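Student: Structure below; questions to follow.
None of the figures in this text is laboratory data; all of them are computed from the coordinates on show. Here the Cβ positions follow ideal geometry from the backbone for every residue, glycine too, while neighbour counts run over all protein chains shown.
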Amino acid sequence: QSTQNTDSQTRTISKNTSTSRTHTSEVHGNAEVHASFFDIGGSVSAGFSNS
Amino acid sequence: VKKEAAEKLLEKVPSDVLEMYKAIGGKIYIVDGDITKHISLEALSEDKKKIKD
C-alpha cells in the first residue's frame, strides 16, 4: 500500500481584448386621434432609423 | 437602443484540469530474475558403496 500527498500552487495571468461593430435599422409607426369640445384631428407617422 | 456587446462569461476550458488528472505516470516494479547464483551438492552424491564377503 502507498499514500501520496500533493500540494499545488498555480498563478495564471491572463490577457484579453475585444472589438465589436453593430449595425442597427429601425422602422417606426404611429397613428393618433385627438378630440376636443369642437376640434377633432388625426395623424399618421412613420420613422426610418439607421444606426 | 444599446448593444449587449457580449464579452462572454466562460473563462478558459476544463481541458487544462482534464489534462492535469489525465497524467499517467510510471507503474510496476522489478521482479523474477533478480540475481541468481546457487552452488552445493545436495542433488547427487559420490562415495564407494560396493558389497563383499
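Student: Can you compute the radius of gyration and Dmax for chain B, using only the Cα atoms, both in Å?
Tutor: Gyration radius and largest Cα-Cα distance of chain B: 38.0, 132 Å.
Student: Relative to the Cα centre, what is the charge dipole magnitude of the protein assembly as shown, using +1 at the beta carbon of each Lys and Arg, -1 at the beta carbon of each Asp and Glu, and rounding to the nearest 20 debye?
Tutor: Value, rounded to 20: 600 debye.
Student: Report, to one decimal in Å, the Kirkwood hydrodynamic radius for chain A based on all distinct Cα pairs. Working shown, then result.
Tutor: On the way: mean 1/r = 0.0532 Å⁻¹.
When all Cα pairs of chain A are included, the Kirkwood radius is 18.8 Å.
Student: Can you list the HN-Hα couplings for segment B:24-34, worked out from phi with the Karplus curve (6.51, -1.76, 1.60; θ = phi - 60°), rounded to whole Hz and with x for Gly and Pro?
Tutor: Running phi through 6.51 cos²θ - 1.76 cosθ + 1.60 with θ = phi - 60° gives 9, x, x, 10, 5, 10, 5, 7, 5, x, 6 Hz.
Student: Hey, another quick one. Exposure proxy check: A:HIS34, B:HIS38 ranked by fewest other beta carbons within 10 Å?
Tutor: Sorted ascending by nearby Cβ count, the order is B:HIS38, A:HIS34.
Student: What size of dipole, in debye to the nearest 20, comes out for chain B about its Cα centre when the only charges are +1 on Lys and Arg C-beta atoms and -1 on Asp and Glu C-beta atoms? Could you put the intermediate results ahead of the total?
Tutor: Values: 11 positive and 11 negative charges, 14 e Å.
In debye, rounded to 20, chain B gives about 60.
Student: Please turn the phi angles of segment A:28-44 into ³J(HN,Hα) values with the Karplus equation 6.51 cos²θ - 1.76 cosθ + 1.60 (θ = phi - 60°), one per residue in order, whole Hz, x for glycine and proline.
Tutor: Result, rounded to whole Hz: 9, x, 6, 9, 8, 10, 9, 9, 10, 4, 9, 10, 10, x, x, 9, 10.
Student: Mind jotting down the distance between the C-alpha centroids of segment A:1-37 and chain B, whole Å?
Tutor: 50 Å
Student: A further question on this structure: Apply the Karplus parameterisation 6.51 cos²θ - 1.76 cosθ + 1.60, with θ equal to phi minus 60°, to every residue of segment B:7-13 and state each ³J(HN,Hα) to the nearest whole Hz, in sequence, with x for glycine and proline.
Tutor: With the stated coefficients, segment B:7-13 comes to 9, 5, 9, 5, 10, 6, 8 Hz.
Student: Would you work out which of B:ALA43, B:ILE28, B:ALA5 lies farthest towards the positive end of the dipole of the protein assembly as shown? Charges go on Cβ: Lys and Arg +1, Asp and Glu -1.
Tutor: In the protein assembly as shown, that residue is B:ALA43.
Student: To continue, here is another question. Give the cross-link partners of B:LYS22 among the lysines, using a straight C-alpha distance below 21 Å as the criterion and excluding same-chain residues fewer than 8 apart.
Tutor: In chain and number order, the partners are B:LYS12.
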